[PDB]
Amino acid sequence: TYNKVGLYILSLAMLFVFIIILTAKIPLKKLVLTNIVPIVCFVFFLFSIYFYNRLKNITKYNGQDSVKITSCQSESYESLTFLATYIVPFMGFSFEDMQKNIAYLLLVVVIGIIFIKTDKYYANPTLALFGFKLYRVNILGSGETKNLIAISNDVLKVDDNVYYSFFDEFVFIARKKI
Amino acid sequence: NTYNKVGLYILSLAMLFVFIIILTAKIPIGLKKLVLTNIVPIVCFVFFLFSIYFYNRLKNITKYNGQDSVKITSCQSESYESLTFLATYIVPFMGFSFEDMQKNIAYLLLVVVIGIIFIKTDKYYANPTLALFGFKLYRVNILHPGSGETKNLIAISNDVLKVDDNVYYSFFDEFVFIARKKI
Amino acid sequence: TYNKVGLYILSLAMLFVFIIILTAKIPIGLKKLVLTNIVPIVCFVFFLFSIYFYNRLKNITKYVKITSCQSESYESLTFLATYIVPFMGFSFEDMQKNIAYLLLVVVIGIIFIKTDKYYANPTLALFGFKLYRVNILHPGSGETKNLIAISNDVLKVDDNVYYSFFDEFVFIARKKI
Amino acid sequence: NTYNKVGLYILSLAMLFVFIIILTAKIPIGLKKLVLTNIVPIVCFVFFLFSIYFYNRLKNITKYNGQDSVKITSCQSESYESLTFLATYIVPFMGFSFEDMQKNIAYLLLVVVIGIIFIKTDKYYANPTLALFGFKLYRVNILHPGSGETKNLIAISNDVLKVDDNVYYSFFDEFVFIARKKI
Ligand SMILES: CCCCCCCCCCC(CCCCCCCCCC)(CO[C@@H]1O[C@H](CO)[C@@H](O[C@H]2O[C@H](CO)[C@@H](O)[C@H](O)[C@H]2O)[C@H](O)[C@H]1O)CO[C@@H]1O[C@H](CO)[C@@H](O[C@H]2O[C@H](CO)[C@@H](O)[C@H](O)[C@H]2O)[C@H](O)[C@H]1O
């Protein structure tokens, strides 16, 4: 599953637009040699667009059905991920001096280690602009399935057809068939 | 009615505008020069009159000529998340230097992006600066007499909501509304 | 009982030591040297006021049965409100920054603490103070409930202490041998 | 036993020393005045070597053998108090450009006073930087085969603790200890 790093690029997906705005020493290969982080962020933005297309067409396949939807509930977001991965790199990447961005980019490592769990890096509140929503679904053929938090592009009513992909053993992708 | 939805968010960020005009302004007549070196203070002042306008709108929205008297069955205090304060107000006090307009453009884009996120994830009342203007969250259950029943609605009002007293309503979405006490 | 400002000044006692170290600009000394550092003069006057309030709070209680006794679990949010943010604001070399940080002190005053439990700053624990939750029973009708004590010493069930009532929720007491 | 307590607190304040060393360090035969010019990274390097010395000391407090075996009756998770991260780490990140030694002396007094409250109020293990070195809190009801039974003690350990397994006690106060898994 190489798409696991695809969601994390799609998790940020708009911070790379901010670094283009923030660090841009525009007035030739000299201008290419003066700023490098804009080029890296542009490559990552293009990769984010490609992973968005892959996540868009990744649910359309020949997989012969998952389940009818059983009892489920909403999840909502964790704002600590948005304070960790989005505000602090934004403050790191605008200070100049070459010596403060290293400190703030180590602070984001410290917050990512000690304040949030390893598996809960997919619950980014930035991943709400692209029509995404999580529902915790108890899937019950397929078999018994519990504690599987599903990424969905629409609402999830009960007792209806749904196609599935798989992302991890905690998370997966679902699309509603009518 | 999503126009007032972004308006609650822009009302809950007026003290940020006050912090910006306090932190930024360079007051020593002058006409063009005083306008030119202070563009961020007058922009945040325009945003401040926008927030005052939306305060006037949120005060006047309740008397909508409906005269409804929906009663209260269960009510309990919700409180704010108290991280939405840290998500919008930690920015100008972490050392952000308002020197070039590129950084101010990036900051305004961050405010717009965080507003779109907070609108879409149903966290536009979660900012704890809403209690500064006076607004208390109550998880309340209205009766809606004679035409059905609702469940698990979040109400914002500037007065105390006890149990079993009829109120008005002014809905934002299907989940969030605003009441005031009948007198 | 105006002594609520007595405990508030004693709560910020070690803060005024910081501002003396921080914002003083002492290098021949004239009256001008006194008049530039007006803020250290006010902080020193408040420090002597805190010394007086320490000497007064040493013997406020002058000349009962205790039922419940639980720990209080000191809140750190009052420490983030009134201690580290004025220390941030008071060293920035221009007036607008401390004005802004004092305004944020006001904001993380009213909008966060819901200030009736402002007494529980952990700087008081430096000055030999401990907090306990108590229900009082006495032949003074014992009617007060959900009472919280601030003391220099530990308490337990049925401990003879002298009440020195402070507010609706607060008193000061020590045990009797 | 307060020496081990302030050792645990100064082990918690380790990435702050690393952050100060990163944040203020002047990168520019006779070049021997660099110790005089760069005094803050030198004293923070001395502090960092001290912090790793208390870490190496705390790694083998439980190595002291006395044939210790006590049976754990219950286990939970307490988790670090999230607010105490902001009380010791917000100083070099909410501004505070390092300057003449008056401000550094004030910051040293603030760190010392922070330690003086945090020892007295029993919130030295509450710092969440301790999980970076690897430490998981477990509220344990532990029964001693001996004089009596103890209740509601907070345990710090480098291993995961299950139900009914034996540990080694290294009591700081009567409330906390650092333990290792029986093997
Ligand atoms: C401008 C400068 C000053 C501003 C200060 C303003 C206040 C800021 C404090 C904010 C803050 C931590 C933020 C940490 C900093 C983040 C990195 C910082 C980066 C910069 C370097 C602490 O907030 C405080 O936390 C205390 C302990 O949590 C709590 O006390 C309590 O004591 C008793 C229990 O011991 C108890 O009995 C008592 O009832 C309480 O009261 C306090 O009431 C509360 O105010 C809030 O964090 C909280 O905890 C989580 C995260 O850990 C996180 O939510 C999680 O849990 C939810 C439960 O449902 C769940 O719903 C969420 O899904 C989940 O995710 C949220 O964030 C927030 O819920």
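Residues numbered from 1 in each chain as written, not as in the entry; some residues may be left out. Chains lettered and ligands numbered in written order. Heavy atoms only, no water.

- This entry, as listed in the PDB, derives from cryo-EM and reports a resolution of 3.69 Å.

- Where the PDB entry is consulted, chain C appears under the name Kiwa protein KwaA, with the organism given as Escherichia coli.
- As recorded in the PDB, this entry has the title "Cryo-EM structure of KwaA tetramer with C2 symmetry".
- Database annotation for chain C, UniProt heading Function: "Component of antiviral defense system Kiwa, composed of KwaA and KwaB. Expression of Kiwa in E.coli (strain MG1655) confers resistance to phages lambda and SECphi18."
- The Subcellular location comment attached to chain C in UniProt states, word for word, "Cell inner membrane". (UniProt positions renumbered as here; feature names shortened; annotations may be inferred.)

- The name that the PDB entry assigns to chain A is Kiwa protein KwaA, with the source organism given as Escherichia coli.
- As stated in UniProt under Function, the record for chain A gives "Component of antiviral defense system Kiwa, composed of KwaA and KwaB. Expression of Kiwa in E.coli (strain MG1655) confers resistance to phages lambda and SECphi18."
- For the record of chain A, the UniProt heading Subcellular location holds the text "Cell inner membrane".

Considering the domain arrangement of chain C
Moving on, step 1. When the domains of chain C are assigned, the result is domain 1 (1-58), domain 2 (64-74 + 125-177) and domain 3 (76-116).
Moving on, step 2. Here domain 2 of chain C and domain 3 of chain C have C-alpha centroids that lie 31 Å from each other. (Domains from an automatic or database assignment.)

Examining the interface of chain B and chain A
How big an interface is tends to be reported as the loss of accessible area on association of its parts.
Moving on, step 1. Across the boundary between the two partners, chain B contributes 23 residues, which contact 22 residues of chain A.
Moving on, step 2. Carbon and sulfur atoms supply 77% of the area buried between chain B and chain A, which totals about 2,200 Å² over both sides.
Moving on, step 3. Looking only at chain B, the three residues that lose the most surface to chain A are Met94, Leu110 and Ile117 of chain B, adding up to 24% of its buried area.
Moving on, step 4. Joining chain B to chain A, the criterion identifies 0 salt bridges.
Moving on, step 5. The interface formed by chain B and chain A includes 1 residue pair in polar contact.
Moving on, step 6. Secondary-structure elements contributing two or more residues to the side of chain B that touches chain A are helix 5 (84-88) and helix 6 (101-120) of chain B.
Moving on, step 7. Among the elements that take part in the side of chain B that touches chain A, helix 6 of chain B stands out by supplying 12 residues, more than any other.
Moving on, step 8. The residue inventory of the side of chain B that touches chain A, partitioned by class, reads 16 nonpolar, 3 polar and 4 charged. (Contact = heavy atoms within 4.5 Å. Buried area = accessible area lost by both parts, 1.4 Å probe. Salt bridge = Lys/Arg side-chain N within 4 Å of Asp/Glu carboxyl O. Polar contact = N/O pair within 3.5 Å; in protein donor to acceptor, adjacent residues only side chain to side chain. Helix = DSSP H or I, 4+ residues; strand = E, 2+ residues; numbered from the N terminus. Nonpolar A, V, L, I, M, F, W, Y, C, P; charged D, E, K, R; others polar.)

Brief notes about a negative patch on the surface
Moving on, step 1. Taken together, the side chains of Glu96 and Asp97 of chain A together with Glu99 and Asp100 of chain B present a region of like negative charge at the surface.
Moving on, step 2. If you trace the backbone, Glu96 of chain A turns up in the loop between helix 5 (79-92) and helix 6 (100-114).
Moving on, step 3. For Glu96 of chain A, a relative accessible area of 57% corresponds to the exposed category. (Patch = residues over 30% accessible without salt bridge, like charges linked within 9 Å, V, L, I, M, F, W, Y side chains within 5 Å. Areas by Shrake-Rupley, 256 points an atom, 1.4 Å probe, with all protein chains shown as cover. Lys, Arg positive; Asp, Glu negative; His and termini not counted. Charge placed at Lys NZ, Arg CZ, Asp CG, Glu CD. Buried < 20%, exposed > 50% of the residue type's maximum accessible area, 1.4 Å probe, protein only.)

Topic: the packing of aromatic side chains
Moving on, step 1. Overall, the coordinates contain 60 aromatic pairs over all chains when judged by the stated rule.
Moving on, step 2. Taken together, a centroid distance of 5.2 Å and an interplanar angle of 75° make the contact between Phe85 of chain B and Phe112 of chain C edge-to-face. In this pair, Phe85 of chain B sits in helix 5 while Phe112 of chain C sits in helix 7 (residues 95-113), so the two residues belong to two different chains.
Moving on, step 3. Judged by its relative accessible area of 7%, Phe85 of chain B is buried.
Moving on, step 4. Measuring from centroid to centroid gives 4.8 Å for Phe85 of chain D and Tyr89 of chain D, while their planes differ by 20°, and the two rings are stacked. Of the two residues, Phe85 of chain D and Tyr89 of chain D are both situated in helix 5 (residues 84-89); the distance of 4 residues between them amounts to about one turn of the helix. Accessibility classification places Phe85 of chain D together with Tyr89 of chain D in one group, the buried group. (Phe/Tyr/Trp six-rings, centres within 6.5 Å; stacked < 30°, edge-to-face > 60°.)

A word on the interface of chain D and chain A
Moving on, step 1. Chain D puts 11 residues into the contact, and the matching count from chain A is 10 residues.
Moving on, step 2. When chain D packs against chain A, the two sides together hide about 1,300 Å² of surface, and 80% of this comes from carbon and sulfur.
Moving on, step 3. When the buried surface of chain D facing chain A is broken down by residue, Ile22, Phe85 and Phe93 of chain D rank first, second and third, together holding 41% of it.
Moving on, step 4. Viewed at the interface, chain A and chain D are joined by 0 salt bridges.

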